[PDB]
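S.K.: my sequence and its experimental structure, below.
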Amino acid sequence: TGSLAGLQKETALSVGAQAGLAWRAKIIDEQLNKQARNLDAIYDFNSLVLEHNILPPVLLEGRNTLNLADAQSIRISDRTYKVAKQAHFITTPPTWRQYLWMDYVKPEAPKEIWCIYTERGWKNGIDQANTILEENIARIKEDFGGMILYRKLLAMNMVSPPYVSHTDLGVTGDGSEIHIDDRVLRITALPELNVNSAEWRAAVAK
Amino acid sequence: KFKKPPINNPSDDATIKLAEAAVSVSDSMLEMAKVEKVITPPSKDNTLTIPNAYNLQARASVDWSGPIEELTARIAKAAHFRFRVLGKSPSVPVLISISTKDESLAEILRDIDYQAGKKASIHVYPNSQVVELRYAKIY
Amino acid sequence: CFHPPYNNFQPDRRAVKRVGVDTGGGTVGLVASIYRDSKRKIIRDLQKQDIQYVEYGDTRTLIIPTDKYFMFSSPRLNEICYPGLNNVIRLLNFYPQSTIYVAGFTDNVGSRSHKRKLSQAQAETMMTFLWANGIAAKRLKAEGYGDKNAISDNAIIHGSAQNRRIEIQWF
Amino acid sequence: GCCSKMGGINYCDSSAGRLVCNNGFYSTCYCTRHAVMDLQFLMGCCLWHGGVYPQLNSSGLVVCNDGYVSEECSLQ
Amino acid sequence: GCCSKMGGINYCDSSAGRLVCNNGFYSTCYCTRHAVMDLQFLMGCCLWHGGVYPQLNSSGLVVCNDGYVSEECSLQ
Amino acid sequence: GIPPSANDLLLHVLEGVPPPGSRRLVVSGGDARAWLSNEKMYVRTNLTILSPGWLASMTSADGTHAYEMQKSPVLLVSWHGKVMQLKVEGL
Amino acid sequence: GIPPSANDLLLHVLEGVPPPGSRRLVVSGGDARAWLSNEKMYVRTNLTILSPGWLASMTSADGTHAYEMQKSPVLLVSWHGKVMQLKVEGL
Amino acid sequence: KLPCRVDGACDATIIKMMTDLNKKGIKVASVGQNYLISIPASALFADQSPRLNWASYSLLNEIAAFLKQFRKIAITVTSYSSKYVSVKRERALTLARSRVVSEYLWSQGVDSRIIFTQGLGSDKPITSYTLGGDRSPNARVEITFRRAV
Amino acid sequence: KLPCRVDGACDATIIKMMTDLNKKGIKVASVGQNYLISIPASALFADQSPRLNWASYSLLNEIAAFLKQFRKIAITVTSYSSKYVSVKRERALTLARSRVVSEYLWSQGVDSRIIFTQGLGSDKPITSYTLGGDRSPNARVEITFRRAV
């Protein structure tokens, strides 16, 4: 090998990864708990809820789209809009702890070349935990941005609002059980994009 | 010796990633609020519904993350006003989140009234010294 | 002695305390006084705190970080970091004829009017602190720019931290 | 020592979940589990889901009760 | 020694993938893999194709994912 | 298709009597009781449940709440304007 | 027949969410992320891809590019007028 | 695994700082579950101005360290002074004094939800001997709260 | 297997050449991420002619070795002189000087993408003392850039 004149263990990585993942998860949980009020101020799901306690839908946007289907034919588009999730009734608003909180369980289940490979696994577990936290941040950012995009398109008159019908009943029931004021609420029209471009409203900001 | 002025404490990459997400959230909200303000210009202010008077100028710093009624009752009791509730409270509670520092009770009541939105309203009668919370005619 | 909140805006008698405590030598105290009252010692003290000094030609410039010399998101002056402000006054006392320009700069986060108002408020606060220590009002002018002409990149954390500053220029 | 530099513990008031010292001062110690604690850090995985689904697995995967897979408790 | 003749390493800024020294100067050392490196020489065969197709061969031939045969990795 | 009105077991939950055939759960960190009958929790407390979401709810005359919800080992509550957590064991 | 418009996974690639059922790839030498789902690479970046050729492409509002292409262990990119290479592992 | 007490709190420490504050001269009183801290204005401010002395921050740190030992929802800070020029000047002075005191208390880490501030001027005196200025016993700042559970 | 730093660069080396250039007399300044090198015209050129001396190539080699330490996109070279005969002759002189300096810098191996050259004549002086010729402090060549990432 080299020139002509020049020609003429694996368990340490596993235990280092399994320790470093939990250690980095605990430090990430502590850093998340240090900034609890700022996260509530930033990801305010409560004030985006509609009139009848309905969570707004999630919209996705794409710009300047090209597809090469095969030879001799291509398809291009200027903008595209998609409805990723649909509106529904809720009783509680979402919180950032369902998205960002990482899982910690303390592991109590345990020399010439041992230390370097233990160190390499120790860095690998930290990298894995950072990747998991990055994916969680991307997910919560996607959901919040979709709700903001729906609130913008409602003012821009491209989506339809949901429609709520309520039926009022009087004093119902038999002689063994009564209910005083029954009210049944049902949404009849889901939000949807419109294709009538002549009814859209533009916005010019001075 | 060569130095540059801002030398702070060492930072964490989790906080770096959270800040990078928060900047994009913030200017998305800025663009959407600008578009919303351009489309719908408001014409009325709640100064008429909530006016100020004497002993509404005592100040408060509040960090509250619960329902509206107990906080409004505490503000009224500190302002030495009677408290009145109109309408039926909904089964799903009306939640508010206030985090301010050293502002007047009239401004506190106005921010609570604005954050309540379409669910509840705040009225102040200074001649009778009454703070009133009314629930919406919905459900 | 010395009162920590700005010494009641009085000129401090720093030399007589040192030459009175270094006697039980007078020549040694005079040597120490003429060393510590020099301009280079003041510049190196401002180097020990986080204030940068740039001299080029006949124009001198001081760079002061708002993140340490102001309270957070306020035009209030941080009273803990008073030796840096006293050293700024001591350095500016050496030029009694020049004119002073003070400018405020922030980063890119926020609205345009918010950035302009915060920069203007910080510039007025620093100009008022300069005016209250003896400098006449006709030699002062304050201006607050937003993220107009930055010195670092706003897409990175340390570069965005370096952009929030107060600039003091004189001839 | 809960009621230190006082007369010692009188009794556990379970209505408030706190000890009462031999003076009229409430103690800082808890004596029931139904006391107001400022709990902000909880251990265990499949939190903010339905919890750990109790099946025994040939692999090291941990699945929550809502179908989610917990990568942190999963063995590599 | 990355921040030599300076005050030492402050922290790794992952937004730029660089170390920060104890002064206000950026360091020349990298601290993440997602840093701008001027990579011009990369090893491995079946480059500029789909990569090495993972079949095990009786002969010493190496085939790429697009049907090409790599004569450099192919044994004579 | 009229939806069902409620669950009448929440009246017994409001009164404090456990459902028949259920088992008890241990709640720590606050004043709350919980039972598990048909892979659902029934919670009796006077706090406000914030994060996990409930299916049905009733309220008594003196201000006690009764909830029907799915099982979870953690609850997020507001006490007096302050947000904290309750730990649920025995699931 | 009309050709298909696009692939709707590129919206999630633009937002940064990996497609379901995919596995991660390690990218070195620059700021990019890659995933492999159905023997195709999905790349989220803000650089300009020059040599290997992509099948579908979308762009976000802030200048982020998402590409659908075939698998390859190397990418050629233009950074700021300079041509360099990115290494892709885990294939 | 569960906590055994309120964190950073001790009854012996509470008794120790109560005794120390009563020996220094700051009046600490407890009736039922209500707690009162009474501070003379001369130990905090200058002669009838809303400017804190530099040496009063140690006393404010001691008051904050005493206040961190309890659990509470609302604190009230009320200021009283004496007659100097008119009523508007003394009401504005008392409001400014209460604002500065509560600003430093909120800057320190007390775990309360609401802090209310008011300045009553010279409407409610506690002593008929009104010959002094800021040295009078009825020129003071009062901090009231109720211990919760 | 991956590189650990940018090749051929060291922070100690950067500090060493900055200190050596500042002790020699060439002004090196850094504010934020912007870098400025100010060179007197007497150390490079002859008496008001666009002809380099033979001994200034060592200084130009030192400046090139300092410039190879960073990563950058654009360099700006600007020339300033004094009033000799007219304005056209001094703009032509400054443009020729900037052209020669940037030509030798581009001949050496700086890894930049664009180098801009301009000569401003005697429009922007930094010193009101204008008695000298090329010995004046306001006759200079300036090299400015921004460090990238």
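M.R.: Cool, the structure landed. Numbers count the residues shown, from 1 in each chain, chains lettered A, B, ... in the order given.
S.K.: quick check: phi and psi on the closest residue to chain D within chain H?
M.R.: Of all residues in chain H, residue H:12 sits closest to chain D, at 4.0 Å by Cβ to the nearest Cβ. For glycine as for every other residue, the C-beta is placed from the backbone atoms N, C-alpha and C. Main-chain dihedrals, residue H:12, degrees, to the nearest 10: phi -60, psi -40.
S.K.: is it true that it touches residue D:2?
M.R.: No - the criterion here is Cβ atoms under 8 Å, and residue H:12 misses it with residue D:2 at 9.8 Å.
S.K.: of these two, who's got more company?
M.R.: Set residue H:12 next to residue D:2 and count neighbours by other Cβ atoms under 10 Å in any protein chain shown: residue D:2 wins out with 19 against 13.
S.K.: I'd like to know which elements the helix or strand encompassing residue C:33 is packed against.
M.R.: Using DSSP states H and E, residue C:33 falls within helix C:26-36. Counting contacts by 3 or more Cβ pairs under 8 Å, 6 or more residues apart in numbering or on different chains; DSSP states H and E, helix C:26-36 packs against helix C:14-21.
S.K.: ok, now which ones touch the residue of chain F found nearest chain H?
M.R.: Closest residue of chain F to chain H, Cβ to the nearest Cβ: residue F:81 (4.9 Å). By Cβ atoms under 8 Å, 6 or more residues apart in numbering or on different chains, residue F:81 lies in contact with B:63-66, B:70-71, H:73, H:113.
S.K.: and residue C:91, that's in a strand?
M.R.: No - applying DSSP: H, G, I helix; E, B strand; the rest coil, one finds residue C:91 to be helix, outside a strand.
S.K.: residues in contact with it?
M.R.: Residues in contact with residue C:91 (Cβ under 8 Å, 6+ apart) are C:39, C:42-43, C:46, C:53, C:62.
S.K.: make it 7 Å
M.R.: Residues near residue C:91 by Cβ atoms under 7 Å, 6 or more residues apart in numbering or on different chains: C:42, C:46.
S.K.: all strands of the chain, in order?
M.R.: Went with chain A since none was named. Along chain A, counting by DSSP state E, strands occupy A:54-55, A:58-70, A:73-85, A:88-89, A:163-168, A:172-174, A:177-179, A:183-189.
S.K.: please go with chain H instead
M.R.: Using DSSP E, strands in chain H cover H:27-31, H:34-40, H:74-80, H:114-121, H:140-146.
S.K.: residues near residue A:47, how many?
M.R.: 11.
S.K.: got it, and residue F:64?
M.R.: That count, for residue F:64 with other Cβ under 10 Å as the rule, works out to 15.
S.K.: phi first, then psi, for the closest residue to it other than its chain neighbours.
M.R.: Nearest non-adjacent residue to residue F:64, counting by Cβ to Cβ, 6 or more residues apart in numbering or on different chains: residue F:46, 5.3 Å away. Backbone torsions of residue F:46, given as degrees, to the nearest 10, read phi -110, psi 10.
S.K.: tell me what residue A:79 is bridged to.
M.R.: residue A:63 (DSSP bridges).
S.K.: test my guess that it contacts residue A:63.
M.R.: Yes - with contact defined as Cβ atoms under 7 Å, residue A:79 counts as touching residue A:63 (5.6 Å).
S.K.: so what's the residue of chain D found nearest chain C up against?
M.R.: Going by Cβ to the nearest Cβ, chain C is nearest to residue D:40 of chain D, at 23.8 Å. Going by Cβ under 7 Å, 6+ apart, residue D:40 touches A:33, F:84-85.
S.K.: scan those and report the most crowded one.
M.R.: Greatest neighbour count in the contacts of residue D:40, by other Cβ under 10 Å, goes to residue F:85: 21 neighbours.
S.K.: over to that residue. Which of the three states is it?
M.R.: Residue F:85 - assigned by three-state DSSP - is strand.
S.K.: what's the burial count for residue H:93?
M.R.: Counted with other Cβ under 10 Å, residue H:93 comes out at 21.
S.K.: what residues are up against it?
M.R.: H:48, H:50, H:81.
S.K.: where's the first one relative to chain F, distance?
M.R.: Pointing back at residue H:48 there. 37 Å (Cβ to the nearest Cβ, to the nearest Å).
S.K.: was I right to think residue B:39 contacts residue A:155?
M.R.: Yes - with contacts counted by Cβ under 7 Å, residue B:39 reaches residue A:155, the gap being 4.7 Å.
S.K.: is stretch B:85-105 in proximity to chain C?
M.R.: No - Stretch B:85-105 lies apart from chain C when judged by Cβ under 7 Å from any Cβ of the partner chain; the minimum separation is 10.1 Å.
S.K.: buried residues of that stretch, list them for me.
M.R.: Using 16 or more other Cβ atoms under 10 Å in any protein chain shown as the test for burial, stretch B:85-105 gives B:92-98, B:105.
S.K.: near chain H, which residues of chain C show up?
M.R.: C:3-5.
S.K.: just to revisit the earlier point, in terms of packing, which of residue A:79 and residue A:63 has more residues around it?
M.R.: Between residue A:79 and residue A:63, counting by other Cβ under 10 Å, residue A:63 is the more crowded of the two (13 against 9).
S.K.: show me the helices in chain C, by range?
M.R.: In chain C, the segments counted as helices under DSSP state H are C:14-21, C:26-36, C:39-48, C:66-69, C:82-92, C:112-131, C:157-161.
S.K.: nearest to residue A:91, out of those helices?
M.R.: helix C:112-131 (36.6 Å; Cβ to Cβ).
S.K.: secondary structure class for the residue in chain D that chain I sits nearest to?
M.R.: Nearest to chain I in chain D, going by Cβ to the nearest Cβ, is residue D:76, at a distance of 22.9 Å. Recorded secondary structure, residue D:76: coil (three-state DSSP).
S.K.: in chain B, which residue is most central in space?
M.R.: residue B:111 (3.5 Å; Cα atoms, centre = their mean).
S.K.: what residues are up against residue B:104?
M.R.: Contacts of residue B:104 by Cβ under 7 Å, 6+ apart are B:56-57, B:59.
S.K.: how close does it sit to residue B:110?
M.R.: Using Cβ to Cβ, to the nearest Å, residue B:104 is found at 9 Å from residue B:110.
S.K.: identify the residues contacting the residue of chain H found nearest chain B.
M.R.: For chain H, the nearest residue to chain B under the criterion Cβ to the nearest Cβ is residue H:118, separated by 4.2 Å. Contacts for residue H:118 (Cβ under 7 Å, 6+ apart) come out as B:58, H:78, H:98.
S.K.: highest neighbour count among those?
M.R.: Neighbour-wise, those (other Cβ under 10 Å) top out at residue H:98, 27 neighbours.
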